[PDB]
Structure formats: C-alpha cells, structure tokens
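Q: After the structure tokens below, expect a handful of questions from me.
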Amino acid sequence: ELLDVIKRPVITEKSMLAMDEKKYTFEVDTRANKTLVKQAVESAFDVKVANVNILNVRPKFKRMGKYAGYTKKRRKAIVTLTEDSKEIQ
Amino acid sequence: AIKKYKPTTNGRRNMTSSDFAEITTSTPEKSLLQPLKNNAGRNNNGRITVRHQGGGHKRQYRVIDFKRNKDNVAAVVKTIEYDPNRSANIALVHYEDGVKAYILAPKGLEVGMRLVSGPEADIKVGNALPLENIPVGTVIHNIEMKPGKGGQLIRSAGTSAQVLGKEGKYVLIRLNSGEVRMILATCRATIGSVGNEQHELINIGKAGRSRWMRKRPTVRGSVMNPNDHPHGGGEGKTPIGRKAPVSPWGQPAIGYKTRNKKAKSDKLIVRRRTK
Amino acid sequence: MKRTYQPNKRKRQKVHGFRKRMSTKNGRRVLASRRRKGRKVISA
RNA sequence: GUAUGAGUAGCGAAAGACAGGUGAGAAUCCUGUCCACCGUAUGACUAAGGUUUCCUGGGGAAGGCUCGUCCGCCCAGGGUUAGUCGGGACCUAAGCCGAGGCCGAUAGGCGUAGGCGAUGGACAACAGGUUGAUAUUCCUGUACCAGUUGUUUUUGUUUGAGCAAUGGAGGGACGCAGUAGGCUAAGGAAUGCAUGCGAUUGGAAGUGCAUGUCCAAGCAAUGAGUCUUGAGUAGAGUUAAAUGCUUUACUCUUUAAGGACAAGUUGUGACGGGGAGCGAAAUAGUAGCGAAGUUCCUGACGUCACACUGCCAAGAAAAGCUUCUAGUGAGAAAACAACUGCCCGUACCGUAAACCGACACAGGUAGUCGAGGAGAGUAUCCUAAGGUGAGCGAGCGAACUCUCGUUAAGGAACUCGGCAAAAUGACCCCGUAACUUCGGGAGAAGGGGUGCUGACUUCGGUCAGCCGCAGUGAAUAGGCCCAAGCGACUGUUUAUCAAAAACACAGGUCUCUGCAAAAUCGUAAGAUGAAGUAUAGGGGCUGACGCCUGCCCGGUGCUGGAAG
C-alpha cells in the first residue's frame, strides 16, 4: 500500500546536518521494515540503496488543564543515498 | 580393608571408612548413565511425605541388568566400580556380540572371568540359572518374585540365601531374616553372595558426613510442643506419660505387627520369624 | 535491612498478570467482579 | 476551621577564605587562586530497578528543612541509528500447560506423545576519529559469515560428478583439594628525545630538576609445550544395509611412529591514526603542526587449564558438528566481479539526591577493574589517576549532658559482680609443668635483641664507633595463672528483651517391614518411599570415649492361644 509508508520529513538541527551527506530524516509508520522504505523511496523519488536506519520513540507527558496525557509513538527513518539529490524540501 | 584415621582433631577421633582397594577404574561409560533428581520426599503435590530427606551431593544412574536374558553367549567382565546408589559394587560386561551393560558384582569375581547365563549353564559364581536347575544347598541372589521382571529380592551388600528344597511346585527358599517362602519354578537367580561385607563397620563420625549422604536431622519426640507430637508438652524433662509410646500420627511403636491381615502371600509363607 | 516490595517484571506479570486470570474459574470471577465497579485498570 | 504549648525544640555525621563577575537584590550562582577529604574507594564499567529525571534556551508563584539570579523544580524546543553486541527466526535442566486417556455430586484432579521455559550449551569485527547530547550502531581503513546473479574446464543418475536421512554411531560432556612449570599484562629503576637555569646560603651537570618514554582484529609463517600406542588375521552384532561404529580370540609393534590441541612470538595491517609540548586567521588552547619508541629487575588462580597428582561425599541433559548407508537424483564444483541480509533494546542515574525504606533519610543492593612508598597482604598511615568541601549561619567561650586527653599519694577500700576503662599486642632468639584419649596442653609460664655510620664479609652475621629519657620511636596487631559444676566437640535457636545447662550431632538399643513392603499426601486415579530390596527402609528413647547398666510380670498396654 506503499504511500502510507512515509509521512513527513523531520526538520531539526541534526536533520539539516544530515542533508550534507545525502541523508534524510523521514517519519515511517509503525510496523514497517527497512525494505518497504527502500521500495517506497525508490518509487517516489528515483534514488537508490545505501541502506536505511530506523529508530523508535517512547512518548512523554504534557500537562495543560489539570489533565495528564501522553503523546504518540513515532518512528524516524534516516535514509542515505548513493547518486542523486532531493532539492524538494 | 578398613582405615582408622589417627586422631588429630575432635571430628576425626572415631572415623572409619573402606580402603576402596577393590575398584579398578574411576571412569564410567557414557552409554550407561542416566540422570536423577533429589525428590526430598516430595510428591506431585510437593509436600513432605517421608521425612528427613534432601540436601547432599549429586548422582547419576548406572543402568544395571537384573534380568540377564541373553543365553548361550559368554560374557567378559573387566572392571569393578562404585555406586552412590547401592551398598554393593557393579561390573562392566563385554558380551562377544559387542553389547555392554552393568551387572551386580558378587564375591569372588576376578577381572577376566567368563559368566554363562543359560538354563544349561554350570555352577560357579555369577551364573544365571532358573530356580529349577539348581541343586539343594547353594547360595543365591537376584531371586525374582514374578517371572520376567528381573531381580527384586536379595540385592545389597554381603547378604545370602539358601534353597532348602524343592516341591513339584513351588521352590522352598530360606531368605535372610530367617524366613522361608514359596517362589515359582520360572524365576532367575545368580549363584553366590554379594560383594562388600563391611558396610556395618563404618563410623560416619561427623554430622556433616551423614549430611553428605542425603539425610537431615531427626528431632526427638518429647521436645516438640503438644501440637506437633503427642508426646510433647510438660515442664522439665518428662517421662512418656501416655501408655504404649506413640509415633506422631498414632500407631504405637513397640509391638504392632501390621501386615495386611488378608494378604495373598499368607498361603506361601512358612515360619514368619524375625520382623 | 531488606524490606519487602522489591520489584521485578517477570514476577509481577507471571503472578498478577492477565494470562493467569483467564486461566482459572477464579481469575474470571476477579475480572468480572472488577468490571461491575467500572475500574479502568483490570489487571497487569 | 482555629487556638495553647512558643516565636520554644529542631534545621538529618564532614574545612573553608579572599578578589573579580552578573543582577532590583548575594556567605549559599559563575570564574580564578591557595588550602583540605576519600583513594579495595566518595575512582571506572555493566546486570536489575526507575521511566525522560538526558541536552539546549528561558523563569522564579509553590517544592529545596535558611537564602537563591540556581536545580533531579516550572515553560518551550530537541536527542536513543546495528548482518557481527544481549534476546527472537537454534537446543535442553528445575517447573508448568498437557490432544487422546484414567479417576471424580457439579465444579474439576492427575498424566503419555507433543510442547513452553536461562541462571546453562552453540554462534561470523577490530583500532581510531567525530557532536550539545548517540556510537563493536555514524565515517576512516582493513576483515569475516550466509546467500543470489555472469564467468571458470566435468554427463547413463550407474555413480565413475553430487546431495544425502526425522535411522546406524562418534562427539559435544562437566566434582573437590593442592602445590610445581611456561607466557603476557601491569609494576620499578637507569647515562635514549624535549625546555630552562633558579634572586633565600650554595650548585653548569656529573654526582641536575620538570615532563613523555607505544599499537589492534584478521591474514601468512612457527610452537615454550601438552595429550594419546599403532598395525594385521579369523568371526559374532548394529530390527534390512554400510567402507561407519562396537566387540571377542591370535600374531606383532612401543622413550618409536602416526595423530590431536596449544597459550603466545615475528612480518603485514601501518606513508595510518597516538603524543610532551607549540600555536592562530576573526570571537580558541580552536584549527593546524610533533621529538624519543632502549636495557636490566620484580612479575600474576589473567592464559595454557581440569593441564597434572591425590581423594571420596563418585561429580546435568538435548541441539550445533562429523562420518557410513538407506535413499533422492539434467551437472555441480573451485576462482573472479557486482548486489542482498528481517523484528526488539540502546538517553540518563546505577554503594544513589534518579533503586528498596512515606523524606534530597548516618540502613540494604549481585558481577568485573581496582595504582605508589614502606609491607605477607586488598591490613594500617600518607598519596597518583580522578572526585568531592557536605543545603542554615555569625558570636560568646557559664551550669549541665554526651564524645575525647592528662593527674600527686594509695592501688579493688567502689560494687550484686574489676561492668567500664587502664595493662598485653610486631618480627627474631633461649626456654617450657601437672595431666592425657599420645594427636595435644603450647603463642603454656618466664626472659632477652631491634636506631644510624664504617670495616669485615661468600652465605649468615660479627666487630668497632655515634646519639637520645625513650631506637617494631607514629597507626594497625593475645592480659596471665590456680581450682570447680554443666555440656564431649565445630554447629543451631525465640527477625524486634532470653544464645544457654536448650535442640542437633557421631555412637547405642528396642520395634515394624519380603516388595503393589510397612509409612505418608490425596475421595480416587496418581505420587513420595525408590528406579531402592533386610549390611535396606520407617518409628520410640539415650546422646563421644572409659567402667557398668541390680530387683519385681501382681496392675495397665503389646504379642501368642485354643477348650469353655
């Protein structure tokens, strides 16, 4: 179903520094392999392997109004390339 | 023989143990060993049934023939070993086919005897004969109860028997403890008394040697509080106040003959003497 | 000295778990007796 | 909800002082200097447990036993990257669930086959660099394991090419104690490079101060050493088979030969990165530049390695692996090149302010590393690498309470009682009783020597000289003897008032119990006893060892009896 693989790019202080070595930080939905993300990126941007790396995130608190609730789980994806770029973001 | 340690400490004043001058090797075989546990007297349910168990060394079985059902093939016996399970020793056996097993070792077996096991085999030590082909007056072990189980009667160290005589059915046999009964005419045996004679002649000495063997201390009766034993209570040392001194459940100790009064064996037993 | 409530993660879910309270006819009594109140945490 | 106690008790073991910062406001925050504490730990790394406490930028209403510009607190943003690490797609121990099944008012209890279950088995990667936080995870270089695509040299599926069993077998495969031998780490000492020469009397070298004195996996070569005898002939067996495995008889062979393992070394890796120290180009000790790589001494229970001798209390399984046949059966099998390799954890604290104790609590917490001078040592005193200065203070120097130091003369007069303190204590040397179970008592008692310099010396010490009240000059380190009850002894005991004359204990004695044994748990199936078999197993009493263990069977229990 591989357009529900990738959601968003991550725009942070390390993620902009990953841009210099052709590395890109996407958010992949839960229960997805490394191989789906390779196939989805090759489908959507015409670039290659040089393997993905995949994280996870434990949630937090926040408090607003005497209430106590978590946030979402996440899963980052730091995809490296060999030969093309993405001046898209 | 028997060692006597020279008295150096206090827990060595009275120690005795065997020389183990009868045992050749110190390695068993791989194919004849099976594991064990220490059940510590505990059931499926896991409660203490038989008291005073558990908390010693480690052991393994040595799988020992009691049947001897190969016949007309000579057996070579080479090495004598040690059991942690039995008071008596064992022996390796080389059948000529290339089949090994362990066999209980009577007195007088040397390294390199050959023991024959058929119903036509002769009368020496260590031969397997059914209880028809044996003359009156021999000394016999591994007497079988039922035909086909292998041995269940007299197995341990330095014990003996005799055949007092035959009938057409059954065979009369004097066991140990003086008594006589009737054992069938299709039961195997071995000619000769069992090996080690000296297991009445050993001081354990320490307490910790009696806890090397898998035991545990037995508290006296009259020291328990009156809810753990019926002898209990009483301020000071007390005599046995109750008539006929009692086990911790009932059933007086000195005197109750307690077979089943309608046992099947009662037709076959003569001179129930020393029990 | 040692006091009691020394926690683990294997023991507090292989004693007070869920898969040991859908394995009797008394764990089921416990679960059904807690759902009458409407308690949020049913078990561990 | 608010008083009284009362602005009282307490502020939870420890050493700070000054200058300069920032700020409305400073003993309590930042920086600098000196001083001080631990240093077998208050130093480093991880397993549990905690669950964002981690980092960056702000804030001072409540928390912090005071203050607070600060914080493990409040707000906002942001950080945990794996073919090789620990776990799964591998195996099994204790135990648990257990198709059928066997029992049982219902409920349900027990159990074969098959499974689940690490604290254990088996398994392919090393060194450095990098950020505000991640690193056998990112990049730098060099490897390894299992595959897939094109090339590489051989055809009946007979095997003469392969593969090859859920079967035949080998192997994995194991205790405790004790010293002996070999390597490496770590350690120490000097005459190998680097800079600079004292402002307090003196010192250019040497007989001088401060500082640094190296390197991987993997691949090639070898090897201090360690273990083990090998060969043939004739038959039995391995449910059919086997060249595999086992085994019986006969002939040789033996410090020989064959085989198996092996810490470690030398090259390469490596023109690489590391380093005492120099030091900008803005506002950084930043970027960038690096000199030496020696010899002797001590040297590991870390490694070979459970290798070796000895002893009895006789010391886990299954898989991975290796062969032989059964079989299946176009023609795969070396080299080269290019690609593929899934899921979960990874921040942080981790002898603690972040775990267990309601607390930022004088308590508890498994494993590894754990330096120097004396020294047997992880003891004790002072220190290296490192980390702390304790989260209320300033004065004054009364009673009284606690913790310490000293005392004239007398030395148990105190007191239920020498309770508490005082005295002995290290190494070497002389000497040592009654009594005894011949091992002991025994460190019995009682005495003597110790520092520094020179000479002699084989070794070991001797001789001479010098000083002090005192020479193991500090800290650590048995008070002894004479009699008597009790218990033989080391052990165990009322967590939280009783540690003994109590219990256990080796030994003794009586009794029951012939195997579907007595006895016990259960309603029964079932199980323990026990895969044991009267030299064994249960029950009552006495408690090493030496000498002994008198009299009564009328009464009560037990056992035997047959007539009434």
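Letters A, B, ... mark the chains of the structure tokens in the order given; residue numbers begin at 1 per chain; ligand numbers begin at 1, in order shown.
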Tell me the residues of chain A close to chain D, meaning within 10 Å using only C-alpha atoms (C1' of nucleotides), as a PDB file with N, CA, C and O atoms, in the first residue's frame.
A:
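So the final result, stored in part01.pdb, reads:
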ATOM      1  N   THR A  12      15.052  19.415  11.861  1.00  0.00           N
ATOM      2  CA  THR A  12      15.678  19.744  13.137  1.00  0.00           C
ATOM      3  C   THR A  12      17.113  20.191  12.943  1.00  0.00           C
ATOM      4  O   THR A  12      17.562  20.415  11.819  1.00  0.00           O
ATOM      5  N   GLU A  13      17.848  20.285  14.043  1.00  0.00           N
ATOM      6  CA  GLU A  13      19.215  20.771  13.991  1.00  0.00           C
ATOM      7  C   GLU A  13      20.173  19.700  13.497  1.00  0.00           C
ATOM      8  O   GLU A  13      21.166  20.027  12.845  1.00  0.00           O
ATOM      9  N   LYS A  14      19.902  18.427  13.793  1.00  0.00           N
ATOM     10  CA  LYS A  14      20.706  17.359  13.212  1.00  0.00           C
ATOM     11  C   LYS A  14      20.246  16.990  11.816  1.00  0.00           C
ATOM     12  O   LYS A  14      21.062  16.550  11.000  1.00  0.00           O
ATOM     13  N   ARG A  31       5.269  -0.691  12.383  1.00  0.00           N
ATOM     14  CA  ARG A  31       5.317  -1.995  11.721  1.00  0.00           C
ATOM     15  C   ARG A  31       5.627  -1.844  10.235  1.00  0.00           C
ATOM     16  O   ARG A  31       4.805  -2.131   9.366  1.00  0.00           O
ATOM     17  N   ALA A  32       6.825  -1.351   9.962  1.00  0.00           N
ATOM     18  CA  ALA A  32       7.323  -1.291   8.602  1.00  0.00           C
ATOM     19  C   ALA A  32       8.793  -1.664   8.612  1.00  0.00           C
ATOM     20  O   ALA A  32       9.548  -1.238   9.486  1.00  0.00           O
ATOM     21  N   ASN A  33       9.188  -2.459   7.632  1.00  0.00           N
ATOM     22  CA  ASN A  33      10.532  -2.985   7.550  1.00  0.00           C
ATOM     23  C   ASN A  33      11.491  -1.911   7.062  1.00  0.00           C
ATOM     24  O   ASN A  33      11.110  -0.777   6.779  1.00  0.00           O
ATOM     25  N   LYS A  34      12.763  -2.274   6.950  1.00  0.00           N
ATOM     26  CA  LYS A  34      13.669  -1.437   6.187  1.00  0.00           C
ATOM     27  C   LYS A  34      13.362  -1.525   4.703  1.00  0.00           C
ATOM     28  O   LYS A  34      13.530  -0.541   3.977  1.00  0.00           O
ATOM     29  N   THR A  35      12.895  -2.679   4.242  1.00  0.00           N
ATOM     30  CA  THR A  35      12.789  -2.913   2.813  1.00  0.00           C
ATOM     31  C   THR A  35      11.621  -2.169   2.186  1.00  0.00           C
ATOM     32  O   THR A  35      11.727  -1.729   1.030  1.00  0.00           O
ATOM     33  N   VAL A  52      18.828   2.072   4.874  1.00  0.00           N
ATOM     34  CA  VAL A  52      18.081   2.914   5.795  1.00  0.00           C
ATOM     35  C   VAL A  52      18.518   2.620   7.228  1.00  0.00           C
ATOM     36  O   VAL A  52      19.081   1.568   7.521  1.00  0.00           O
ATOM     37  N   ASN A  53      18.279   3.565   8.133  1.00  0.00           N
ATOM     38  CA  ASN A  53      18.333   3.294   9.560  1.00  0.00           C
ATOM     39  C   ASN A  53      17.037   3.752  10.216  1.00  0.00           C
ATOM     40  O   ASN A  53      16.438   4.738   9.792  1.00  0.00           O
ATOM     41  N   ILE A  54      16.604   3.024  11.240  1.00  0.00           N
ATOM     42  CA  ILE A  54      15.249   3.116  11.776  1.00  0.00           C
ATOM     43  C   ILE A  54      15.304   3.207  13.292  1.00  0.00           C
ATOM     44  O   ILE A  54      15.940   2.373  13.943  1.00  0.00           O
ATOM     45  N   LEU A  55      14.623   4.193  13.855  1.00  0.00           N
ATOM     46  CA  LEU A  55      14.571   4.404  15.288  1.00  0.00           C
ATOM     47  C   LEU A  55      13.206   4.041  15.842  1.00  0.00           C
ATOM     48  O   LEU A  55      12.333   3.562  15.127  1.00  0.00           O
ATOM     49  N   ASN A  56      13.029   4.282  17.135  1.00  0.00           N
ATOM     50  CA  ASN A  56      11.722   4.339  17.768  1.00  0.00           C
ATOM     51  C   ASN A  56      11.753   5.438  18.812  1.00  0.00           C
ATOM     52  O   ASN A  56      12.792   6.037  19.081  1.00  0.00           O
ATOM     53  N   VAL A  57      10.593   5.726  19.385  1.00  0.00           N
ATOM     54  CA  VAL A  57      10.419   6.848  20.300  1.00  0.00           C
ATOM     55  C   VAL A  57       9.492   6.406  21.423  1.00  0.00           C
ATOM     56  O   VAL A  57       8.417   5.861  21.164  1.00  0.00           O
ATOM     57  N   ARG A  58       9.893   6.602  22.604  1.00  0.00           N
ATOM     58  CA  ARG A  58       8.923   6.459  23.676  1.00  0.00           C
ATOM     59  C   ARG A  58       8.233   7.797  23.931  1.00  0.00           C
ATOM     60  O   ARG A  58       8.851   8.853  23.791  1.00  0.00           O
ATOM     61  N   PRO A  59       6.958   7.809  24.309  1.00  0.00           N
ATOM     62  CA  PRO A  59       6.252   9.086  24.497  1.00  0.00           C
ATOM     63  C   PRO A  59       6.611   9.841  25.768  1.00  0.00           C
ATOM     64  O   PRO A  59       7.512   9.440  26.509  1.00  0.00           O
ATOM     65  N   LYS A  60       5.896  10.938  26.030  1.00  0.00           N
ATOM     66  CA  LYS A  60       6.194  11.840  27.140  1.00  0.00           C
ATOM     67  C   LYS A  60       4.956  12.128  27.979  1.00  0.00           C
ATOM     68  O   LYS A  60       3.896  11.584  27.699  1.00  0.00           O
ATOM     69  N   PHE A  61       5.068  12.967  29.002  1.00  0.00           N
ATOM     70  CA  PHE A  61       3.905  13.707  29.465  1.00  0.00           C
ATOM     71  C   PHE A  61       3.784  15.042  28.761  1.00  0.00           C
ATOM     72  O   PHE A  61       4.728  15.545  28.154  1.00  0.00           O
ATOM     73  N   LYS A  76      11.442   7.254  13.395  1.00  0.00           N
ATOM     74  CA  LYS A  76      12.200   8.017  12.426  1.00  0.00           C
ATOM     75  C   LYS A  76      12.742   7.098  11.342  1.00  0.00           C
ATOM     76  O   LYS A  76      12.655   5.875  11.426  1.00  0.00           O
ATOM     77  N   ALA A  77      13.320   7.705  10.313  1.00  0.00           N
ATOM     78  CA  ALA A  77      13.961   6.947   9.246  1.00  0.00           C
ATOM     79  C   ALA A  77      15.029   7.811   8.608  1.00  0.00           C
ATOM     80  O   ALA A  77      14.709   8.805   7.956  1.00  0.00           O
ATOM     81  N   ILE A  78      16.283   7.412   8.763  1.00  0.00           N
ATOM     82  CA  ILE A  78      17.403   8.188   8.257  1.00  0.00           C
ATOM     83  C   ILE A  78      17.961   7.502   7.019  1.00  0.00           C
ATOM     84  O   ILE A  78      18.786   6.590   7.109  1.00  0.00           O
TER      85      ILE A  78
END
Q: Could you list, as a list in words, every residue within 12 Å of residue 43 in chain A, counting only C-alpha atoms (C1' of nucleotides) and ignoring same-chain residues fewer than 3 positions away?
A: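 Here the qualifying residues turn out to be residues 1, 2, 3, 5, 6, 36, 37, 38, 39, 40, 46, 47 and 48 of chain A.
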Q: Print the selection's residues with N, CA, C and O atoms to a file, as an mmCIF file, in the first residue's frame.
A:
data_model
loop_
_atom_site.group_PDB
_atom_site.id
_atom_site.type_symbol
_atom_site.label_atom_id
_atom_site.label_comp_id
_atom_site.auth_asym_id
_atom_site.auth_seq_id
_atom_site.Cartn_x
_atom_site.Cartn_y
_atom_site.Cartn_z
ATOM 1 N N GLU A 1 0.842 -1.187 0.000
ATOM 2 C CA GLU A 1 0.000 0.000 0.000
ATOM 3 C C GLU A 1 0.883 1.244 0.000
ATOM 4 O O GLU A 1 0.455 2.334 0.384
ATOM 5 N N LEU A 2 2.087 1.106 -0.554
ATOM 6 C CA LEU A 2 3.228 1.922 -0.145
ATOM 7 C C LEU A 2 3.184 3.388 -0.564
ATOM 8 O O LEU A 2 4.095 3.900 -1.212
ATOM 9 N N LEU A 3 2.134 4.083 -0.146
ATOM 10 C CA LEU A 3 2.180 5.515 0.068
ATOM 11 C C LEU A 3 1.730 5.882 1.465
ATOM 12 O O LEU A 3 1.686 7.072 1.793
ATOM 13 N N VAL A 5 3.585 4.438 3.739
ATOM 14 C CA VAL A 5 4.849 4.168 4.405
ATOM 15 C C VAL A 5 5.369 5.434 5.059
ATOM 16 O O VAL A 5 5.461 5.529 6.285
ATOM 17 N N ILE A 6 5.669 6.434 4.255
ATOM 18 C CA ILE A 6 6.327 7.647 4.712
ATOM 19 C C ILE A 6 5.265 8.688 5.014
ATOM 20 O O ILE A 6 4.295 8.827 4.263
ATOM 21 N N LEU A 36 10.520 -2.008 2.926
ATOM 22 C CA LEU A 36 9.406 -1.206 2.429
ATOM 23 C C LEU A 36 9.806 0.238 2.214
ATOM 24 O O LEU A 36 9.363 0.871 1.252
ATOM 25 N N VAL A 37 10.636 0.779 3.104
ATOM 26 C CA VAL A 37 11.007 2.177 2.987
ATOM 27 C C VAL A 37 11.937 2.381 1.802
ATOM 28 O O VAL A 37 11.821 3.385 1.087
ATOM 29 N N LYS A 38 12.811 1.408 1.527
ATOM 30 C CA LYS A 38 13.619 1.446 0.311
ATOM 31 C C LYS A 38 12.746 1.435 -0.931
ATOM 32 O O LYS A 38 12.938 2.249 -1.842
ATOM 33 N N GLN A 39 11.763 0.532 -0.968
ATOM 34 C CA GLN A 39 10.904 0.434 -2.141
ATOM 35 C C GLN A 39 10.030 1.668 -2.309
ATOM 36 O O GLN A 39 9.818 2.126 -3.437
ATOM 37 N N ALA A 40 9.591 2.265 -1.203
ATOM 38 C CA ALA A 40 8.748 3.451 -1.277
ATOM 39 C C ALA A 40 9.533 4.667 -1.743
ATOM 40 O O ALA A 40 9.037 5.452 -2.561
ATOM 41 N N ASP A 46 13.055 8.303 -7.328
ATOM 42 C CA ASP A 46 14.039 7.789 -8.301
ATOM 43 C C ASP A 46 15.480 7.860 -7.789
ATOM 44 O O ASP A 46 16.369 8.385 -8.456
ATOM 45 N N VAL A 47 15.714 7.328 -6.587
ATOM 46 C CA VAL A 47 17.051 7.334 -5.999
ATOM 47 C C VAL A 47 17.331 5.885 -5.608
ATOM 48 O O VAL A 47 16.600 4.992 -6.041
ATOM 49 N N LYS A 48 18.403 5.609 -4.850
ATOM 50 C CA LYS A 48 18.815 4.227 -4.613
ATOM 51 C C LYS A 48 19.032 3.811 -3.154
ATOM 52 O O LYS A 48 18.699 4.540 -2.216
#
Q: List every residue of chain A that DSSP, applied to the backbone, labels as strand (DSSP E), and write the result as an MDAnalysis selection string.
A: chainID A and resid 6:9 23:28 52:54 76:80
Q: Against chain D, which residues of chain C fall within 10 Å? For each one I want the closest pair of atoms and the distance in Å (one decimal), counting only C-alpha atoms (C1' of nucleotides), rows by chain and increasing residue number, as CSV.
A:
residue,atom,partner,partner_atom,distance
C:1,CA,D:364,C1',4.8
C:2,CA,D:364,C1',5.6
C:3,CA,D:356,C1',6.6
C:4,CA,D:356,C1',7.8
C:5,CA,D:356,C1',7.1
C:6,CA,D:356,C1',6.0
C:7,CA,D:49,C1',7.0
C:8,CA,D:49,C1',7.4
C:9,CA,D:49,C1',9.3
C:25,CA,D:107,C1',9.1
Q: Write out the residues from the selection above, keeping N, CA, C and O atoms, as a PDB file, in the first residue's frame.
A:
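Saved file result_11.pdb follows:
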ATOM      1  N   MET C   1      18.046  -2.670  56.419  1.00  0.00           N
ATOM      2  CA  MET C   1      17.910  -4.087  56.111  1.00  0.00           C
ATOM      3  C   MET C   1      16.930  -4.294  54.958  1.00  0.00           C
ATOM      4  O   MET C   1      16.327  -3.332  54.493  1.00  0.00           O
ATOM      5  N   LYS C   2      16.771  -5.536  54.495  1.00  0.00           N
ATOM      6  CA  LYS C   2      15.894  -5.796  53.359  1.00  0.00           C
ATOM      7  C   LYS C   2      14.438  -5.626  53.741  1.00  0.00           C
ATOM      8  O   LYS C   2      13.961  -6.239  54.697  1.00  0.00           O
ATOM      9  N   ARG C   3      13.735  -4.805  52.980  1.00  0.00           N
ATOM     10  CA  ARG C   3      12.294  -4.700  53.067  1.00  0.00           C
ATOM     11  C   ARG C   3      11.665  -5.269  51.807  1.00  0.00           C
ATOM     12  O   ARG C   3      12.349  -5.659  50.861  1.00  0.00           O
ATOM     13  N   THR C   4      10.336  -5.295  51.798  1.00  0.00           N
ATOM     14  CA  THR C   4       9.625  -6.338  51.076  1.00  0.00           C
ATOM     15  C   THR C   4       9.498  -6.057  49.584  1.00  0.00           C
ATOM     16  O   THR C   4       9.847  -6.907  48.760  1.00  0.00           O
ATOM     17  N   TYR C   5       9.020  -4.878  49.202  1.00  0.00           N
ATOM     18  CA  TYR C   5       8.371  -4.717  47.901  1.00  0.00           C
ATOM     19  C   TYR C   5       9.367  -4.557  46.752  1.00  0.00           C
ATOM     20  O   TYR C   5       9.258  -3.648  45.935  1.00  0.00           O
ATOM     21  N   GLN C   6      10.302  -5.505  46.654  1.00  0.00           N
ATOM     22  CA  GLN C   6      11.449  -5.436  45.757  1.00  0.00           C
ATOM     23  C   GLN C   6      11.099  -5.883  44.347  1.00  0.00           C
ATOM     24  O   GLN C   6      11.119  -7.082  44.061  1.00  0.00           O
ATOM     25  N   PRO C   7      10.857  -4.956  43.429  1.00  0.00           N
ATOM     26  CA  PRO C   7      10.085  -5.276  42.230  1.00  0.00           C
ATOM     27  C   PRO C   7      10.879  -6.003  41.158  1.00  0.00           C
ATOM     28  O   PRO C   7      12.091  -5.845  41.029  1.00  0.00           O
ATOM     29  N   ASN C   8      10.159  -6.817  40.390  1.00  0.00           N
ATOM     30  CA  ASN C   8      10.643  -7.403  39.150  1.00  0.00           C
ATOM     31  C   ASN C   8       9.601  -7.175  38.070  1.00  0.00           C
ATOM     32  O   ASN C   8       8.512  -6.660  38.327  1.00  0.00           O
ATOM     33  N   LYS C   9       9.941  -7.556  36.846  1.00  0.00           N
ATOM     34  CA  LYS C   9       8.979  -7.504  35.763  1.00  0.00           C
ATOM     35  C   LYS C   9       8.481  -8.872  35.342  1.00  0.00           C
ATOM     36  O   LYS C   9       7.385  -8.964  34.788  1.00  0.00           O
ATOM     37  N   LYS C  25     -11.276 -20.612  36.921  1.00  0.00           N
ATOM     38  CA  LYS C  25     -12.600 -20.048  37.142  1.00  0.00           C
ATOM     39  C   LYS C  25     -12.624 -19.131  38.345  1.00  0.00           C
ATOM     40  O   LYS C  25     -13.698 -18.818  38.859  1.00  0.00           O
TER      41      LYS C  25
END
Q: Sorted by chain and rising residue number, which residues of chain B lie within 6 Å of chain D, and what are their closest atom pairs and distances in Å to one decimal, counting only C-alpha atoms (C1' of nucleotides), as JSON lines?
A:
{"residue": "B:7", "atom": "CA", "partner": "D:439", "partner_atom": "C1'", "distance": 5.6}
{"residue": "B:8", "atom": "CA", "partner": "D:439", "partner_atom": "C1'", "distance": 4.6}
{"residue": "B:10", "atom": "CA", "partner": "D:489", "partner_atom": "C1'", "distance": 5.9}
{"residue": "B:41", "atom": "CA", "partner": "D:528", "partner_atom": "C1'", "distance": 5.5}
{"residue": "B:42", "atom": "CA", "partner": "D:528", "partner_atom": "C1'", "distance": 5.5}
{"residue": "B:43", "atom": "CA", "partner": "D:528", "partner_atom": "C1'", "distance": 4.9}
{"residue": "B:44", "atom": "CA", "partner": "D:527", "partner_atom": "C1'", "distance": 5.5}
{"residue": "B:49", "atom": "CA", "partner": "D:520", "partner_atom": "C1'", "distance": 4.6}
{"residue": "B:96", "atom": "CA", "partner": "D:248", "partner_atom": "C1'", "distance": 5.0}
{"residue": "B:97", "atom": "CA", "partner": "D:237", "partner_atom": "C1'", "distance": 4.7}
{"residue": "B:98", "atom": "CA", "partner": "D:247", "partner_atom": "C1'", "distance": 3.8}
{"residue": "B:153", "atom": "CA", "partner": "D:533", "partner_atom": "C1'", "distance": 5.8}
{"residue": "B:157", "atom": "CA", "partner": "D:535", "partner_atom": "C1'", "distance": 5.5}
{"residue": "B:199", "atom": "CA", "partner": "D:535", "partner_atom": "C1'", "distance": 5.3}
{"residue": "B:200", "atom": "CA", "partner": "D:535", "partner_atom": "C1'", "distance": 5.3}
{"residue": "B:205", "atom": "CA", "partner": "D:506", "partner_atom": "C1'", "distance": 4.4}
{"residue": "B:206", "atom": "CA", "partner": "D:506", "partner_atom": "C1'", "distance": 5.6}
{"residue": "B:207", "atom": "CA", "partner": "D:505", "partner_atom": "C1'", "distance": 5.6}
{"residue": "B:212", "atom": "CA", "partner": "D:313", "partner_atom": "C1'", "distance": 5.3}
{"residue": "B:244", "atom": "CA", "partner": "D:557", "partner_atom": "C1'", "distance": 5.8}
{"residue": "B:247", "atom": "CA", "partner": "D:539", "partner_atom": "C1'", "distance": 5.9}
{"residue": "B:253", "atom": "CA", "partner": "D:539", "partner_atom": "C1'", "distance": 5.7}
{"residue": "B:254", "atom": "CA", "partner": "D:511", "partner_atom": "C1'", "distance": 4.5}
{"residue": "B:255", "atom": "CA", "partner": "D:558", "partner_atom": "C1'", "distance": 5.3}
Q: Just give me the gap between CA of residue 4 in chain B and CA of residue 201 in chain B in Å, one decimal is fine.
A: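 Going from CA of residue 4 in chain B over to CA of residue 201 in chain B covers 11.1 Å.
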Q: Any chance you could list, as JSON, numbers by chain, the residues in chain A that come up helix (DSSP H, G or I) when DSSP is run on the backbone?
A: {"A": [15, 16, 17, 18, 19, 20, 21, 34, 35, 36, 37, 38, 39, 40, 41, 42, 43, 44, 45]}
Q: What's the 8 Å shell around residue 27 in chain A, counting only C-alpha atoms (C1' of nucleotides), without same-chain residues fewer than 2 positions away, as a ChimeraX atom specification?
A: /A:6-10,25,29,74-77
Q: Which polymer residues have any atom within 10 Å of an atom of residue 60 in chain B, counting only C-alpha atoms (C1' of nucleotides), with same-chain residues fewer than 4 positions away left out, as a list in words?
A: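 Counting only the stated atoms, we get residues 32, 33, 34, 35, 36, 37, 83, 84 and 85 of chain B; 314, 315 and 316 of chain D.
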